[PDB]
């Protein structure tokens, strides 16, 4: 059974400290997703959020204003993970 990564990762409603991350789930069943986000140029700043399979969006808060972030999404299925799907965005003043 394949385990594709989500697709069409979009970043919406970007404010100075928040942003809505959306995505299209894979075409196979999964147990959920794992969304990692943090300041792009700061490898040490990475937070990973656990999502159920019926969740296709997540609103991230407490972000740094005017800063470039990178989001990464992985599909999950029993100890197994898909490759990550990524997107970059910059918060607004």
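Numbering (PDB author numbering), first residue to last: 801 to 893.
Cβ atoms here follow ideal geometry from the backbone N, Cα and C, with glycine treated the same way.
- The beta carbon of residue 863 is closer than 8 Å to those of 816, 817, 818, 819, 869, 891 in its chain, skipping five residues each way along the sequence.
- With respect to the 8 Å criterion, residue 809 and residue 857 are not classified as neighbours on the basis of their beta carbons.
- Ranked by Cα distance from residue 866, the options 804, 852, 814 are led by 814.
- Looking only at 886, 881, 887, the smallest Cα-Cα distance to residue 829 is reached by 881.
- Note on the stretch 824 to 890: whole beta strand (DSSP E) runs with a minimum of 3 residues are 832 to 839, 847 to 852, 857 to 860, 868 to 877, 885 to 890, in chain order.
- In terms of Cβ geometry, residue 893 and residue 805 do not form a close pair [threshold 8 Å].
- Annotation: the continuous beta strand (DSSP E) that includes residue 811 extends over 807 to 812.
- Taken atom to atom, the span from the alpha-carbon of residue 835 to that of residue 888 is near 13 Å.
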